[PDB]
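With PDB, C-alpha atoms and all ligand atoms inside, this is run06.pdb:
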MODEL        1
ATOM      1  CA  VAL A   1     -38.547  26.849   6.162  1.00  0.00           C
ATOM      2  CA  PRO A   2     -37.028  24.448   3.507  1.00  0.00           C
ATOM      3  CA  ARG A   3     -35.743  20.972   4.445  1.00  0.00           C
ATOM      4  CA  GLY A   4     -32.314  20.562   2.791  1.00  0.00           C
ATOM      5  CA  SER A   5     -31.977  16.842   3.452  1.00  0.00           C
ATOM      6  CA  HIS A   6     -30.358  16.338   0.072  1.00  0.00           C
ATOM      7  CA  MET A   7     -28.193  19.480  -0.478  1.00  0.00           C
ATOM      8  CA  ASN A   8     -24.955  17.534   0.011  1.00  0.00           C
ATOM      9  CA  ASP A   9     -25.971  14.613  -2.219  1.00  0.00           C
ATOM     10  CA  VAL A  10     -27.103  16.927  -5.002  1.00  0.00           C
ATOM     11  CA  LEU A  11     -24.179  19.360  -4.988  1.00  0.00           C
ATOM     12  CA  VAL A  12     -21.545  16.620  -5.145  1.00  0.00           C
ATOM     13  CA  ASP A  13     -23.221  14.569  -7.876  1.00  0.00           C
ATOM     14  CA  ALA A  14     -23.913  17.630 -10.020  1.00  0.00           C
ATOM     15  CA  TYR A  15     -20.372  18.964  -9.655  1.00  0.00           C
ATOM     16  CA  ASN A  16     -18.958  15.585 -10.744  1.00  0.00           C
ATOM     17  CA  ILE A  17     -21.233  15.371 -13.753  1.00  0.00           C
ATOM     18  CA  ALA A  18     -20.287  18.895 -14.820  1.00  0.00           C
ATOM     19  CA  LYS A  19     -16.576  18.989 -14.120  1.00  0.00           C
ATOM     20  CA  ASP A  20     -15.950  15.863 -16.173  1.00  0.00           C
ATOM     21  CA  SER A  21     -18.059  16.718 -19.273  1.00  0.00           C
ATOM     22  CA  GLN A  22     -16.922  17.301 -22.902  1.00  0.00           C
ATOM     23  CA  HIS A  23     -15.375  20.729 -23.574  1.00  0.00           C
ATOM     24  CA  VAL A  24     -15.568  21.894 -19.913  1.00  0.00           C
ATOM     25  CA  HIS A  25     -12.298  23.539 -18.816  1.00  0.00           C
ATOM     26  CA  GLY A  26     -13.515  23.751 -15.224  1.00  0.00           C
ATOM     27  CA  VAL A  27     -16.444  24.694 -13.036  1.00  0.00           C
ATOM     28  CA  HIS A  28     -16.575  28.430 -12.358  1.00  0.00           C
ATOM     29  CA  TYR A  29     -19.229  28.242  -9.630  1.00  0.00           C
ATOM     30  CA  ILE A  30     -22.099  26.186  -8.291  1.00  0.00           C
ATOM     31  CA  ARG A  31     -25.085  27.355  -6.280  1.00  0.00           C
ATOM     32  CA  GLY A  32     -27.750  25.372  -4.433  1.00  0.00           C
ATOM     33  CA  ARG A  33     -30.986  26.926  -3.163  1.00  0.00           C
ATOM     34  CA  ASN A  34     -33.318  24.871  -0.959  1.00  0.00           C
ATOM     35  CA  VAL A  35     -36.899  24.621  -2.260  1.00  0.00           C
ATOM     36  CA  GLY A  36     -39.107  22.160  -0.364  1.00  0.00           C
ATOM     37  CA  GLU A  37     -37.164  18.901   0.074  1.00  0.00           C
ATOM     38  CA  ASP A  38     -35.550  19.475  -3.368  1.00  0.00           C
ATOM     39  CA  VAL A  39     -32.777  21.741  -4.699  1.00  0.00           C
ATOM     40  CA  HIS A  40     -32.621  24.556  -7.240  1.00  0.00           C
ATOM     41  CA  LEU A  41     -29.230  24.326  -8.911  1.00  0.00           C
ATOM     42  CA  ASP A  42     -27.227  26.938 -10.791  1.00  0.00           C
ATOM     43  CA  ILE A  43     -23.898  25.882 -12.299  1.00  0.00           C
ATOM     44  CA  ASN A  44     -21.466  27.888 -14.359  1.00  0.00           C
ATOM     45  CA  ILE A  45     -18.862  26.122 -16.486  1.00  0.00           C
ATOM     46  CA  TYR A  46     -15.754  27.430 -18.200  1.00  0.00           C
ATOM     47  CA  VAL A  47     -15.539  26.722 -21.938  1.00  0.00           C
ATOM     48  CA  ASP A  48     -13.149  27.851 -24.655  1.00  0.00           C
ATOM     49  CA  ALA A  49     -13.844  31.365 -25.888  1.00  0.00           C
ATOM     50  CA  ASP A  50     -13.472  30.151 -29.498  1.00  0.00           C
ATOM     51  CA  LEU A  51     -16.130  27.410 -29.220  1.00  0.00           C
ATOM     52  CA  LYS A  52     -19.097  28.156 -31.507  1.00  0.00           C
ATOM     53  CA  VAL A  53     -22.388  28.940 -29.727  1.00  0.00           C
ATOM     54  CA  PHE A  54     -24.339  25.974 -31.092  1.00  0.00           C
ATOM     55  CA  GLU A  55     -21.857  23.521 -29.537  1.00  0.00           C
ATOM     56  CA  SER A  56     -21.703  25.367 -26.205  1.00  0.00           C
ATOM     57  CA  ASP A  57     -25.543  25.207 -26.201  1.00  0.00           C
ATOM     58  CA  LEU A  58     -25.311  21.440 -26.658  1.00  0.00           C
ATOM     59  CA  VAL A  59     -22.597  21.178 -23.964  1.00  0.00           C
ATOM     60  CA  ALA A  60     -24.661  23.066 -21.398  1.00  0.00           C
ATOM     61  CA  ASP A  61     -27.841  21.248 -22.425  1.00  0.00           C
ATOM     62  CA  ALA A  62     -26.305  17.774 -22.098  1.00  0.00           C
ATOM     63  CA  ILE A  63     -25.219  18.630 -18.559  1.00  0.00           C
ATOM     64  CA  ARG A  64     -28.713  19.887 -17.668  1.00  0.00           C
ATOM     65  CA  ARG A  65     -30.328  16.734 -19.097  1.00  0.00           C
ATOM     66  CA  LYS A  66     -27.866  14.458 -17.325  1.00  0.00           C
ATOM     67  CA  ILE A  67     -28.153  16.096 -13.895  1.00  0.00           C
ATOM     68  CA  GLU A  68     -31.938  16.160 -14.128  1.00  0.00           C
ATOM     69  CA  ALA A  69     -31.992  12.491 -15.154  1.00  0.00           C
ATOM     70  CA  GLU A  70     -29.314  11.176 -12.746  1.00  0.00           C
ATOM     71  CA  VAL A  71     -29.525  13.245  -9.557  1.00  0.00           C
ATOM     72  CA  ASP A  72     -32.574  12.988  -7.277  1.00  0.00           C
ATOM     73  CA  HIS A  73     -34.381  15.832  -5.502  1.00  0.00           C
ATOM     74  CA  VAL A  74     -33.403  18.413  -8.104  1.00  0.00           C
ATOM     75  CA  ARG A  75     -36.453  20.485  -9.004  1.00  0.00           C
ATOM     76  CA  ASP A  76     -34.515  22.435 -11.707  1.00  0.00           C
ATOM     77  CA  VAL A  77     -31.038  23.087 -13.132  1.00  0.00           C
ATOM     78  CA  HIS A  78     -29.599  26.175 -14.888  1.00  0.00           C
ATOM     79  CA  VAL A  79     -26.241  25.682 -16.642  1.00  0.00           C
ATOM     80  CA  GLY A  80     -24.460  28.900 -17.571  1.00  0.00           C
ATOM     81  CA  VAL A  81     -21.252  29.232 -19.587  1.00  0.00           C
ATOM     82  CA  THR A  82     -18.275  31.548 -19.135  1.00  0.00           C
ATOM     83  CA  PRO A  83     -15.748  31.793 -21.970  1.00  0.00           C
ATOM     84  CA  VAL A  84     -12.105  31.266 -21.081  1.00  0.00           C
ATOM     85  CA  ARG A  85      -9.261  32.192 -23.344  1.00  0.00           C
ATOM     86  CA  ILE A  86      -7.159  28.990 -23.450  1.00  0.00           C
TER
ATOM     87  CA  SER B   1      -9.782  18.342  -2.605  1.00  0.00           C
ATOM     88  CA  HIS B   2     -11.665  21.430  -3.523  1.00  0.00           C
ATOM     89  CA  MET B   3     -15.320  21.967  -4.275  1.00  0.00           C
ATOM     90  CA  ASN B   4     -17.068  18.808  -3.041  1.00  0.00           C
ATOM     91  CA  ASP B   5     -15.081  18.547   0.197  1.00  0.00           C
ATOM     92  CA  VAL B   6     -15.615  22.210   1.026  1.00  0.00           C
ATOM     93  CA  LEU B   7     -19.314  22.454   0.193  1.00  0.00           C
ATOM     94  CA  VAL B   8     -20.289  19.415   2.264  1.00  0.00           C
ATOM     95  CA  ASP B   9     -18.243  20.320   5.342  1.00  0.00           C
ATOM     96  CA  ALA B  10     -19.418  23.924   5.313  1.00  0.00           C
ATOM     97  CA  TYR B  11     -23.066  22.920   4.876  1.00  0.00           C
ATOM     98  CA  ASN B  12     -22.802  20.529   7.846  1.00  0.00           C
ATOM     99  CA  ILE B  13     -21.160  23.145  10.068  1.00  0.00           C
ATOM    100  CA  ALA B  14     -23.849  25.662   9.191  1.00  0.00           C
ATOM    101  CA  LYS B  15     -26.935  23.469   9.173  1.00  0.00           C
ATOM    102  CA  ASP B  16     -26.210  22.183  12.693  1.00  0.00           C
ATOM    103  CA  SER B  17     -25.383  25.523  14.376  1.00  0.00           C
ATOM    104  CA  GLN B  18     -27.757  26.308  17.186  1.00  0.00           C
ATOM    105  CA  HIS B  19     -30.015  29.244  16.141  1.00  0.00           C
ATOM    106  CA  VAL B  20     -30.123  28.130  12.492  1.00  0.00           C
ATOM    107  CA  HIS B  21     -33.562  27.015  11.312  1.00  0.00           C
ATOM    108  CA  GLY B  22     -32.053  25.768   8.031  1.00  0.00           C
ATOM    109  CA  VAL B  23     -29.715  26.681   5.161  1.00  0.00           C
ATOM    110  CA  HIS B  24     -31.312  28.900   2.539  1.00  0.00           C
ATOM    111  CA  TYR B  25     -28.556  28.638  -0.058  1.00  0.00           C
ATOM    112  CA  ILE B  26     -24.879  27.887  -0.542  1.00  0.00           C
ATOM    113  CA  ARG B  27     -22.580  29.014  -3.316  1.00  0.00           C
ATOM    114  CA  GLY B  28     -19.057  27.940  -4.173  1.00  0.00           C
ATOM    115  CA  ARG B  29     -16.870  29.856  -6.628  1.00  0.00           C
ATOM    116  CA  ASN B  30     -13.554  28.314  -7.703  1.00  0.00           C
ATOM    117  CA  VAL B  31     -10.569  30.579  -7.090  1.00  0.00           C
ATOM    118  CA  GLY B  32      -7.229  28.839  -7.689  1.00  0.00           C
ATOM    119  CA  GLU B  33      -7.233  25.505  -5.815  1.00  0.00           C
ATOM    120  CA  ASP B  34      -9.380  27.108  -3.084  1.00  0.00           C
ATOM    121  CA  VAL B  35     -13.050  28.020  -2.816  1.00  0.00           C
ATOM    122  CA  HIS B  36     -14.902  31.273  -2.261  1.00  0.00           C
ATOM    123  CA  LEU B  37     -17.930  30.396  -0.165  1.00  0.00           C
ATOM    124  CA  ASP B  38     -21.207  32.266   0.237  1.00  0.00           C
ATOM    125  CA  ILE B  39     -23.732  30.726   2.555  1.00  0.00           C
ATOM    126  CA  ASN B  40     -27.139  31.987   3.680  1.00  0.00           C
ATOM    127  CA  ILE B  41     -28.887  30.706   6.814  1.00  0.00           C
ATOM    128  CA  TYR B  42     -32.468  30.974   8.034  1.00  0.00           C
ATOM    129  CA  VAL B  43     -32.868  32.490  11.508  1.00  0.00           C
ATOM    130  CA  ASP B  44     -35.886  33.610  13.534  1.00  0.00           C
ATOM    131  CA  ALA B  45     -37.180  37.016  12.413  1.00  0.00           C
ATOM    132  CA  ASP B  46     -37.372  38.250  16.027  1.00  0.00           C
ATOM    133  CA  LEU B  47     -33.696  37.485  16.871  1.00  0.00           C
ATOM    134  CA  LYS B  48     -31.935  40.788  17.664  1.00  0.00           C
ATOM    135  CA  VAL B  49     -29.301  41.875  15.111  1.00  0.00           C
ATOM    136  CA  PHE B  50     -26.330  41.710  17.492  1.00  0.00           C
ATOM    137  CA  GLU B  51     -27.079  38.018  18.169  1.00  0.00           C
ATOM    138  CA  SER B  52     -27.572  37.127  14.498  1.00  0.00           C
ATOM    139  CA  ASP B  53     -24.195  38.855  13.870  1.00  0.00           C
ATOM    140  CA  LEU B  54     -22.648  36.538  16.484  1.00  0.00           C
ATOM    141  CA  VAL B  55     -24.400  33.484  14.984  1.00  0.00           C
ATOM    142  CA  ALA B  56     -23.152  34.264  11.476  1.00  0.00           C
ATOM    143  CA  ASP B  57     -19.695  35.179  12.745  1.00  0.00           C
ATOM    144  CA  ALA B  58     -19.254  31.937  14.707  1.00  0.00           C
ATOM    145  CA  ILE B  59     -20.070  29.963  11.555  1.00  0.00           C
ATOM    146  CA  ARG B  60     -17.553  32.001   9.523  1.00  0.00           C
ATOM    147  CA  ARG B  61     -14.838  31.474  12.147  1.00  0.00           C
ATOM    148  CA  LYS B  62     -15.578  27.763  12.409  1.00  0.00           C
ATOM    149  CA  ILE B  63     -15.606  27.069   8.663  1.00  0.00           C
ATOM    150  CA  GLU B  64     -12.405  29.069   8.192  1.00  0.00           C
ATOM    151  CA  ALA B  65     -10.750  27.206  11.069  1.00  0.00           C
ATOM    152  CA  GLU B  66     -12.034  23.685  10.272  1.00  0.00           C
ATOM    153  CA  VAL B  67     -12.429  23.585   6.494  1.00  0.00           C
ATOM    154  CA  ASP B  68      -9.356  23.662   4.276  1.00  0.00           C
ATOM    155  CA  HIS B  69      -8.918  25.375   0.907  1.00  0.00           C
ATOM    156  CA  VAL B  70     -11.447  28.095   1.691  1.00  0.00           C
ATOM    157  CA  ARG B  71     -10.861  31.739   0.775  1.00  0.00           C
ATOM    158  CA  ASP B  72     -13.442  34.351   1.829  1.00  0.00           C
ATOM    159  CA  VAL B  73     -16.412  32.763   3.657  1.00  0.00           C
ATOM    160  CA  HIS B  74     -19.386  35.134   3.652  1.00  0.00           C
ATOM    161  CA  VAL B  75     -22.312  34.120   5.901  1.00  0.00           C
ATOM    162  CA  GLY B  76     -25.584  35.916   5.189  1.00  0.00           C
ATOM    163  CA  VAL B  77     -28.887  35.668   7.049  1.00  0.00           C
ATOM    164  CA  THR B  78     -32.523  35.448   5.997  1.00  0.00           C
ATOM    165  CA  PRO B  79     -35.222  35.962   8.642  1.00  0.00           C
ATOM    166  CA  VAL B  80     -37.954  33.340   8.941  1.00  0.00           C
ATOM    167  CA  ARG B  81     -41.167  34.328  10.709  1.00  0.00           C
ATOM    168  CA  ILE B  82     -43.532  31.669  12.023  1.00  0.00           C
ATOM    169  CA  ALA B  83     -45.922  34.379  13.313  1.00  0.00           C
TER
HETATM  170 ZN    ZN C   1     -31.240  29.433 -11.329  1.00  0.00          ZN
HETATM  171 ZN    ZN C   2     -18.867  36.401  -1.182  1.00  0.00          ZN
HETATM  172 ZN    ZN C   3      -4.901  26.623  -0.757  1.00  0.00          ZN
ENDMDL
END

What does the file become when written as structure tokens?
Amino acid sequence: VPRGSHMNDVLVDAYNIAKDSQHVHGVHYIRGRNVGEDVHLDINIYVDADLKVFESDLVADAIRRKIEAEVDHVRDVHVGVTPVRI
Amino acid sequence: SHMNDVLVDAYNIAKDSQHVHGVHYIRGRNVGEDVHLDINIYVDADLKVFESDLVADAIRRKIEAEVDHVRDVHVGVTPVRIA
């Protein structure tokens, strides 16, 4: 039965990294699953529908790298992308 | 306030409720300026369904009552079994 000692830390720090990043029009959803004393994180961000895929790959990747690097007790991070029409 | 406020307050309500052995997961979807909240709690596998309904329901009522900017709070349950 997973110890979620850090759910609150992780969710808040991740959300703040994501919401404020380049070309993110908002966070669609965020999910935290407890795994050991660490957290499995799924985040979905809104981006412009007209953005080209290579740049949305970079946008999502930069957020994954940054969360992984900056937020403790995160065993893994998936960053999905939902197109919005602006 | 939206996501961060709501997620933390809900998690703390849920995690500390009496027949909850831990929080399995928590999900927040942004809907307007409010949050759609899905939260799954670990309970004992041998708890009878009517009581786990009450446990989950009390958490839903409490979050809804105490935590602002929350649309639909769904509280699921995953059985844990020591033995
Ligand atoms: Zn995932
Ligand atoms: Zn739901
Ligand atoms: Zn509202």

Please provide the set of residues having any atom within 8 Å of residue 74 of chain A, restricted to all atoms listed in the file, with same-chain residues fewer than 4 positions apart removed, written as a PyMOL selection string.
chain A and resi 10+38-41+68

What residues have any atom no more than 9 Å from ligand ZN 1 (chain C) when counting all atoms listed in the file, and can you list them as a PyMOL selection string?
chain A and resi 31-33+40-43+76-79

Selection result for the ChimeraX specification (/B :<9) & /A on this file, as a PDB file with C-alpha atoms, keeping the file's coordinate frame:
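And here is the file that came out, expr.pdb:
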ATOM      1  CA  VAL A   1     -38.547  26.849   6.162  1.00  0.00           C
ATOM      2  CA  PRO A   2     -37.028  24.448   3.507  1.00  0.00           C
ATOM      3  CA  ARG A   3     -35.743  20.972   4.445  1.00  0.00           C
ATOM      4  CA  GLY A   4     -32.314  20.562   2.791  1.00  0.00           C
ATOM      5  CA  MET A   7     -28.193  19.480  -0.478  1.00  0.00           C
ATOM      6  CA  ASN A   8     -24.955  17.534   0.011  1.00  0.00           C
ATOM      7  CA  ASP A   9     -25.971  14.613  -2.219  1.00  0.00           C
ATOM      8  CA  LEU A  11     -24.179  19.360  -4.988  1.00  0.00           C
ATOM      9  CA  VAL A  12     -21.545  16.620  -5.145  1.00  0.00           C
ATOM     10  CA  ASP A  13     -23.221  14.569  -7.876  1.00  0.00           C
ATOM     11  CA  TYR A  15     -20.372  18.964  -9.655  1.00  0.00           C
ATOM     12  CA  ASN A  16     -18.958  15.585 -10.744  1.00  0.00           C
ATOM     13  CA  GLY A  26     -13.515  23.751 -15.224  1.00  0.00           C
ATOM     14  CA  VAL A  27     -16.444  24.694 -13.036  1.00  0.00           C
ATOM     15  CA  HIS A  28     -16.575  28.430 -12.358  1.00  0.00           C
ATOM     16  CA  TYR A  29     -19.229  28.242  -9.630  1.00  0.00           C
ATOM     17  CA  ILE A  30     -22.099  26.186  -8.291  1.00  0.00           C
ATOM     18  CA  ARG A  31     -25.085  27.355  -6.280  1.00  0.00           C
ATOM     19  CA  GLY A  32     -27.750  25.372  -4.433  1.00  0.00           C
ATOM     20  CA  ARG A  33     -30.986  26.926  -3.163  1.00  0.00           C
ATOM     21  CA  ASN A  34     -33.318  24.871  -0.959  1.00  0.00           C
ATOM     22  CA  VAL A  35     -36.899  24.621  -2.260  1.00  0.00           C
TER      23      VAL A  35
END

Check the smallest atom-to-atom distance from each of B:75, B:20, B:6, B:55 to ligand ZN 3 (chain C) using all atoms listed in the file, then report the winner.
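For ligand ZN 3 (chain C), the nearest of the given residues is B:6.
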
Which residues, named as in the file, does the PyMOL selection byres (((not hetatm)) within 9 of (chain C and resi 3)) pick out? Answer as a ChimeraX atom specification.
/B:2,32-35,68-71

Reconstruct segment 37-71 of chain A at the level of N, CA and C atoms, and format the result as a PDB file, in the coordinates of the input.
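rebuild_10.pdb, written as the output of this step:
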ATOM      1  N   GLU A  37     -38.202  19.907  -0.211  1.00  0.00           N
ATOM      2  CA  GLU A  37     -37.164  18.901   0.074  1.00  0.00           C
ATOM      3  C   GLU A  37     -36.194  18.721  -1.098  1.00  0.00           C
ATOM      4  N   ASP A  38     -36.369  19.532  -2.145  1.00  0.00           N
ATOM      5  CA  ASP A  38     -35.550  19.475  -3.368  1.00  0.00           C
ATOM      6  C   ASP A  38     -34.658  20.724  -3.513  1.00  0.00           C
ATOM      7  N   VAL A  39     -33.814  20.727  -4.542  1.00  0.00           N
ATOM      8  CA  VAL A  39     -32.777  21.741  -4.699  1.00  0.00           C
ATOM      9  C   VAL A  39     -32.826  22.431  -6.064  1.00  0.00           C
ATOM     10  N   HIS A  40     -32.803  23.761  -6.038  1.00  0.00           N
ATOM     11  CA  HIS A  40     -32.621  24.556  -7.240  1.00  0.00           C
ATOM     12  C   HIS A  40     -31.116  24.807  -7.466  1.00  0.00           C
ATOM     13  N   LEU A  41     -30.645  24.412  -8.640  1.00  0.00           N
ATOM     14  CA  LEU A  41     -29.230  24.326  -8.911  1.00  0.00           C
ATOM     15  C   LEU A  41     -28.813  25.256 -10.042  1.00  0.00           C
ATOM     16  N   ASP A  42     -27.836  26.107  -9.768  1.00  0.00           N
ATOM     17  CA  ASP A  42     -27.227  26.938 -10.791  1.00  0.00           C
ATOM     18  C   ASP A  42     -25.754  26.564 -10.881  1.00  0.00           C
ATOM     19  N   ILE A  43     -25.293  26.239 -12.086  1.00  0.00           N
ATOM     20  CA  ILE A  43     -23.898  25.882 -12.299  1.00  0.00           C
ATOM     21  C   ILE A  43     -23.364  26.685 -13.456  1.00  0.00           C
ATOM     22  N   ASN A  44     -22.152  27.193 -13.290  1.00  0.00           N
ATOM     23  CA  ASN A  44     -21.466  27.888 -14.359  1.00  0.00           C
ATOM     24  C   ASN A  44     -20.178  27.166 -14.698  1.00  0.00           C
ATOM     25  N   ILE A  45     -20.030  26.843 -15.980  1.00  0.00           N
ATOM     26  CA  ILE A  45     -18.862  26.122 -16.486  1.00  0.00           C
ATOM     27  C   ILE A  45     -18.004  27.017 -17.359  1.00  0.00           C
ATOM     28  N   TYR A  46     -16.702  26.767 -17.313  1.00  0.00           N
ATOM     29  CA  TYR A  46     -15.754  27.430 -18.200  1.00  0.00           C
ATOM     30  C   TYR A  46     -15.657  26.645 -19.496  1.00  0.00           C
ATOM     31  N   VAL A  47     -15.800  27.327 -20.630  1.00  0.00           N
ATOM     32  CA  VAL A  47     -15.539  26.722 -21.938  1.00  0.00           C
ATOM     33  C   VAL A  47     -14.630  27.634 -22.760  1.00  0.00           C
ATOM     34  N   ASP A  48     -14.013  27.074 -23.793  1.00  0.00           N
ATOM     35  CA  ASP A  48     -13.149  27.851 -24.655  1.00  0.00           C
ATOM     36  C   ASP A  48     -13.908  28.994 -25.268  1.00  0.00           C
ATOM     37  N   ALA A  49     -13.258  30.155 -25.323  1.00  0.00           N
ATOM     38  CA  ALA A  49     -13.844  31.365 -25.888  1.00  0.00           C
ATOM     39  C   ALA A  49     -14.128  31.232 -27.380  1.00  0.00           C
ATOM     40  N   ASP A  50     -13.377  30.355 -28.047  1.00  0.00           N
ATOM     41  CA  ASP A  50     -13.472  30.151 -29.498  1.00  0.00           C
ATOM     42  C   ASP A  50     -14.522  29.113 -29.919  1.00  0.00           C
ATOM     43  N   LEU A  51     -15.066  28.378 -28.951  1.00  0.00           N
ATOM     44  CA  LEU A  51     -16.130  27.410 -29.220  1.00  0.00           C
ATOM     45  C   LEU A  51     -17.325  28.130 -29.845  1.00  0.00           C
ATOM     46  N   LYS A  52     -17.914  27.557 -30.889  1.00  0.00           N
ATOM     47  CA  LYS A  52     -19.097  28.156 -31.507  1.00  0.00           C
ATOM     48  C   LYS A  52     -20.366  27.915 -30.668  1.00  0.00           C
ATOM     49  N   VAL A  53     -21.240  28.922 -30.641  1.00  0.00           N
ATOM     50  CA  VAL A  53     -22.388  28.940 -29.727  1.00  0.00           C
ATOM     51  C   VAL A  53     -23.259  27.693 -29.797  1.00  0.00           C
ATOM     52  N   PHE A  54     -23.463  27.134 -30.984  1.00  0.00           N
ATOM     53  CA  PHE A  54     -24.339  25.974 -31.092  1.00  0.00           C
ATOM     54  C   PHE A  54     -23.785  24.789 -30.295  1.00  0.00           C
ATOM     55  N   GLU A  55     -22.458  24.666 -30.223  1.00  0.00           N
ATOM     56  CA  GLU A  55     -21.857  23.521 -29.537  1.00  0.00           C
ATOM     57  C   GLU A  55     -21.843  23.778 -28.042  1.00  0.00           C
ATOM     58  N   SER A  56     -21.609  25.022 -27.626  1.00  0.00           N
ATOM     59  CA  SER A  56     -21.703  25.367 -26.205  1.00  0.00           C
ATOM     60  C   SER A  56     -23.145  25.249 -25.676  1.00  0.00           C
ATOM     61  N   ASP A  57     -24.136  25.453 -26.550  1.00  0.00           N
ATOM     62  CA  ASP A  57     -25.543  25.207 -26.201  1.00  0.00           C
ATOM     63  C   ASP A  57     -25.749  23.724 -25.934  1.00  0.00           C
ATOM     64  N   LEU A  58     -25.247  22.886 -26.838  1.00  0.00           N
ATOM     65  CA  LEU A  58     -25.311  21.440 -26.658  1.00  0.00           C
ATOM     66  C   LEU A  58     -24.575  20.973 -25.400  1.00  0.00           C
ATOM     67  N   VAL A  59     -23.413  21.562 -25.122  1.00  0.00           N
ATOM     68  CA  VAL A  59     -22.597  21.178 -23.964  1.00  0.00           C
ATOM     69  C   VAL A  59     -23.357  21.452 -22.671  1.00  0.00           C
ATOM     70  N   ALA A  60     -23.884  22.666 -22.560  1.00  0.00           N
ATOM     71  CA  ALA A  60     -24.661  23.066 -21.398  1.00  0.00           C
ATOM     72  C   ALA A  60     -25.953  22.254 -21.284  1.00  0.00           C
ATOM     73  N   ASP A  61     -26.582  21.970 -22.419  1.00  0.00           N
ATOM     74  CA  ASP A  61     -27.841  21.248 -22.425  1.00  0.00           C
ATOM     75  C   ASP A  61     -27.652  19.794 -21.985  1.00  0.00           C
ATOM     76  N   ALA A  62     -26.587  19.156 -22.461  1.00  0.00           N
ATOM     77  CA  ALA A  62     -26.305  17.774 -22.098  1.00  0.00           C
ATOM     78  C   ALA A  62     -26.094  17.635 -20.595  1.00  0.00           C
ATOM     79  N   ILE A  63     -25.452  18.633 -19.998  1.00  0.00           N
ATOM     80  CA  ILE A  63     -25.219  18.630 -18.559  1.00  0.00           C
ATOM     81  C   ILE A  63     -26.526  18.805 -17.802  1.00  0.00           C
ATOM     82  N   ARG A  64     -27.390  19.695 -18.283  1.00  0.00           N
ATOM     83  CA  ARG A  64     -28.713  19.887 -17.668  1.00  0.00           C
ATOM     84  C   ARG A  64     -29.530  18.594 -17.723  1.00  0.00           C
ATOM     85  N   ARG A  65     -29.623  18.002 -18.914  1.00  0.00           N
ATOM     86  CA  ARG A  65     -30.328  16.734 -19.097  1.00  0.00           C
ATOM     87  C   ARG A  65     -29.799  15.640 -18.178  1.00  0.00           C
ATOM     88  N   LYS A  66     -28.479  15.540 -18.079  1.00  0.00           N
ATOM     89  CA  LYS A  66     -27.866  14.458 -17.325  1.00  0.00           C
ATOM     90  C   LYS A  66     -28.083  14.610 -15.824  1.00  0.00           C
ATOM     91  N   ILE A  67     -27.899  15.820 -15.311  1.00  0.00           N
ATOM     92  CA  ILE A  67     -28.153  16.096 -13.895  1.00  0.00           C
ATOM     93  C   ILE A  67     -29.607  15.803 -13.550  1.00  0.00           C
ATOM     94  N   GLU A  68     -30.512  16.377 -14.331  1.00  0.00           N
ATOM     95  CA  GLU A  68     -31.938  16.160 -14.128  1.00  0.00           C
ATOM     96  C   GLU A  68     -32.277  14.677 -14.102  1.00  0.00           C
ATOM     97  N   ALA A  69     -31.727  13.927 -15.053  1.00  0.00           N
ATOM     98  CA  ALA A  69     -31.992  12.491 -15.154  1.00  0.00           C
ATOM     99  C   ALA A  69     -31.335  11.661 -14.038  1.00  0.00           C
ATOM    100  N   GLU A  70     -30.123  12.030 -13.623  1.00  0.00           N
ATOM    101  CA  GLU A  70     -29.314  11.176 -12.746  1.00  0.00           C
ATOM    102  C   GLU A  70     -29.294  11.567 -11.281  1.00  0.00           C
ATOM    103  N   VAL A  71     -29.614  12.814 -10.960  1.00  0.00           N
ATOM    104  CA  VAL A  71     -29.525  13.245  -9.557  1.00  0.00           C
ATOM    105  C   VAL A  71     -30.912  13.598  -8.989  1.00  0.00           C
TER     106      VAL A  71
END
